[PDB]
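A structural walkthrough
Residue-level listing of the chains:
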Amino acid sequence: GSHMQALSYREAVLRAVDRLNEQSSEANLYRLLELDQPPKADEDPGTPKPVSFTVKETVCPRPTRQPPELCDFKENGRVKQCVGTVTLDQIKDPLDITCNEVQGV
């Protein structure tokens, strides 16, 4: 309803990463491992906000009772770079973001 004082890009990535795990049909959860700093990430409220981050396979499968952050992380899991643009005030779906597998070994 009313969101008094609510405008942070880190919060948008936290909700985007959790929504991606529930919307995607993967077998294991993919919590955000590293977050990137896209162009204009905190200067467009009504407009869309570009978001980008890398996620890695966690020890907990999907969907887990709690969020993927609550569980551990599997360094042997694969990492993917989910990037897209989504507004921070009127978050809408589906989240138009693409994930590109990133090799980090």
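Summarised in this report is the structure supplied together with it.

The rules behind these values
- Residues numbered from 1 in each chain as written, not as in the entry; some residues may be left out.
- Heavy atoms only, no water.
- Salt bridge = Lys/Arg side-chain N within 4 Å of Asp/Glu carboxyl O.
- Helix = DSSP H or I, 4+ residues; strand = E, 2+ residues; numbered from the N terminus.
- Buried < 20%, exposed > 50% of the residue type's maximum accessible area, 1.4 Å probe, protein only.
- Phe/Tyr/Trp six-rings, centres within 6.5 Å; stacked < 30°, edge-to-face > 60°.
- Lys NZ or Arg CZ within 6 Å of the ring centre and 35° of its normal.
- Core = buried A, V, L, I, M, F, W, Y, C linked by side-chain atoms within 4.5 Å.
- Contact = heavy atoms within 4.5 Å.
- 1 Å grid on protein atoms, 1.4 Å probe; cavity = no way out; pocket = protein on both sides within 12 Å on 5 of 7 lines; lining within 4 Å.
- Points joined across faces, edges and corners; volume = space filled by probe spheres on them.
- Nonpolar A, V, L, I, M, F, W, Y, C, P; charged D, E, K, R; others polar.
- Pairing = 2+ DSSP bridges.

1. Side note on the pattern of salt bridges
- In the structure shown here, the tally under the stated rule is six salt bridges.
- Notably, a salt bridge pairs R31 with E69, separated by 2.9 Å at the nearest N-O pair. Of the two residues, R31 sits in strand β1 (residues 28–35) while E69 sits in the loop between β2 (48–61) and β3 (79–87), which places them 38 residues apart along the sequence.
- Here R31 falls in the buried class, since its relative accessible area comes to 18%.
- Classification of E69 by relative accessible area gives partly exposed; the value is 35%.
- For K92, the salt bridge is made with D96, and the minimal N-O distance between the two is 3.0 Å.

2. A short note on the packing of aromatic side chains
- Counted by the stated rule, this structure contains zero aromatic pairs.
- For the cation-ring pair, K80 lies above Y30, with the distance from its terminal atom to the ring centre recorded as 4.1 Å.

3. Things to note about the nonpolar core
- Core analysis: the largest hydrophobic core is formed by 15 residues, its most contacted members being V13, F53 and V55.
- For this core, the elements supplying multiple residues, two or more each, are α1 (9–23), β1, β2 and β3.
- A per-element tally of this core places α1 first, with five residues.
- Not counting residues up to four positions away in its chain, the partners in contact with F53 are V13, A16, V17, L32, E34, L35, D36, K80, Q81, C82 and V83.

4. Here's the deal with the environment of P61
- If you trace the backbone, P61 turns up in strand β2.
- For the pair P61 and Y30, spaced 31 residues apart in the sequence, the C-alpha separation amounts to 8.8 Å.
- In this structure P61 touches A27, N28 and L29, once residues within four positions along its chain are discounted.

5. A closer look at the layout of surface pockets
- Taken as a whole, the largest pocket encloses approximately 200 Å³ of empty space.
- If you trace the largest pocket, you find it lined by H3, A6, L7, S8, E11, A12, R15, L88, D89, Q90 and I91.
- A class-by-class count of the residues in the lining of the largest pocket yields five nonpolar, three polar and three charged.

6. Re the pairing of β3
- With nine bridges connecting them, β2 and β3 associate as antiparallel partners. Looking at β3, one finds that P50 is bridged to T85.

7. Observations regarding empty space enclosed by the protein
- Within this structure, the stated rule accounts for one cavity of 30 Å³ or more.
- Counted as a void, the largest cavity has a volume near 90 Å³.
- What lines the largest cavity is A12, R15, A16, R19, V86, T87, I91, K92, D93 and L95.
- Broken down by secondary-structure element, the contributors of at least two residues to the lining of the largest cavity are α1 and β3.
- With four residues, the top contributor of residues to the lining of the largest cavity is α1.
- Looking at the lining of the largest cavity residue by residue, the classes come out as five nonpolar, one polar and four charged.

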